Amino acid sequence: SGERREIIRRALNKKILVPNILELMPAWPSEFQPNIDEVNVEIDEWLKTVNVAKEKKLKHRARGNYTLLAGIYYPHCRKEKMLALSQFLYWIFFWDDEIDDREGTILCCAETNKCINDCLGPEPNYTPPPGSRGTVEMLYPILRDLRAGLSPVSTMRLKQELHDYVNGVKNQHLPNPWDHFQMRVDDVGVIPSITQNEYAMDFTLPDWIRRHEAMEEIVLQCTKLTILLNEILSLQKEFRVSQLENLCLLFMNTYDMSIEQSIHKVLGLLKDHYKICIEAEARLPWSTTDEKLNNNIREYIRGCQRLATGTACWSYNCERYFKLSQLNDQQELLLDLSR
């Protein structure tokens, strides 16, 4: 706790100007699905049905605005796609929020895994068991709808990915910053969103391509990029509740560096990972002849990239992490670690 106390003292009241993160990934553009407002209306009507407290749901909706995040993740999807994707994001955020006792966690995760199995499994049952908790009950219709837009191959991937995320959650002095990063890479719930691009754009990437070293690398780099940008962006929010296991903070503690230096390091890491990810593209098994196949490969990688850029763009466009007034019109964010 000496470590934590020192971290708090060093961080506290510091204001750091952060450059536009999107600039760090110049090749990858940020776009918005045209129907976000209309879909939001559907989502608002849908939210009333969901068994989570009205104030919590509104807080998520006003601060989070997950339909917008989905619109950013999948800007080119047909409008009909938007509802299920928006709904899933609401589920994942609600679910994470409710789970945050230990027994409660084991029970919810088991119930959640069961739902994932019932919905995405070989013998599909979309009916929630009676008395399902709200975060569980809501999931069944969403998985059924997503499955409807997915091939069995895409469905299998989604199922494993959802299991992996739920299990990671169940299985969660200061940790080494590198150790923290790796846990997040294994732990993070981004992958289901990448697979969801297949739903959004109604296509299936072949497993042989998905398992290719270059594709596996692009998925990994994009996962790393999303985590790294999240670390900086969420720093103010996390520090304020004294959640000191944030990578910027860990670098301060581990290397005895200033908060400014640690953020700079993370920014450099982003550039490094962006560069690796871009380099990986040449290595992909592009078809000499197949336009549809190459289109599928292109779409799939764009989905991964959007996970990184979109997460940052959405962060710059909602109030989950900081007051928007903290952002200038060059998209430069002034973090304030006043607590």
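A residue's number is simply how far along the shown sequence it sits, counting from 1. We call the rigid core whatever largest set of C-alpha positions still superposes within 1.5 Å between the two forms.
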**Asked** Core-superposed in 4 other deposited structures of this protein, which stretch deviates more in Cα positions, 103 to 111 or 83 to 91?
**Response** 103 to 111
**Item:** Which of 223 to 231 and 249 to 257 lies farther from this form in 4 other deposited structures of this protein, as RMS of C-alpha positions after a rigid core fit
**Value:** 249 to 257
**Request:** Check the residues of the deposited sequence separating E123 from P124 and report how many of them have no coordinates, as none, 1 to 3, 4 to 9, or 10 or more.
**Result:** none
**Request:** Can you count, per the entry, how many deposited residues between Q172 and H173 come without coordinates? Answer none, 1 to 3, 4 to 9, or 10 or more.
**Result:** 4 to 9
**Complete:** Per the PDB entry, mean CA B-factor is higher for 30 to 38 or 276 to 284, namely for 276 to 284
**Request:** Check the entry's C-alpha temperature factors for 182 to 190 and 134 to 142, then say which stretch has the higher mean.
**Result:** 182 to 190
**Request:** Return the residue from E231, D207, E103, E216 that has the highest Cα B-factor in the entry.
**Result:** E103
**Fill in**
Entry record, C-alpha B-factors for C119, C77, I259, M156; the maximum is at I259
**Message:** What third of the chain does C318 rank in for C-alpha temperature factor, lowest, middle or highest?
**Reply:** lowest
**Request:** Would you mind ranking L270 by its C-alpha B-factor against the rest of the chain and naming the third, lowest, middle or highest?
**Result:** highest
**Asked** Split the chain's modelled residues into thirds by Cα B-factor; is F239 in the lowest, middle or highest one?
**Response** highest
**Fill in**
By the entry's values, the third containing the CA B factor of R211 is the middle
**Asked** Considering only modelled residues of the same chain, in which third does the CA B-factor of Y255 rank: lowest, middle or highest?
**Response** highest
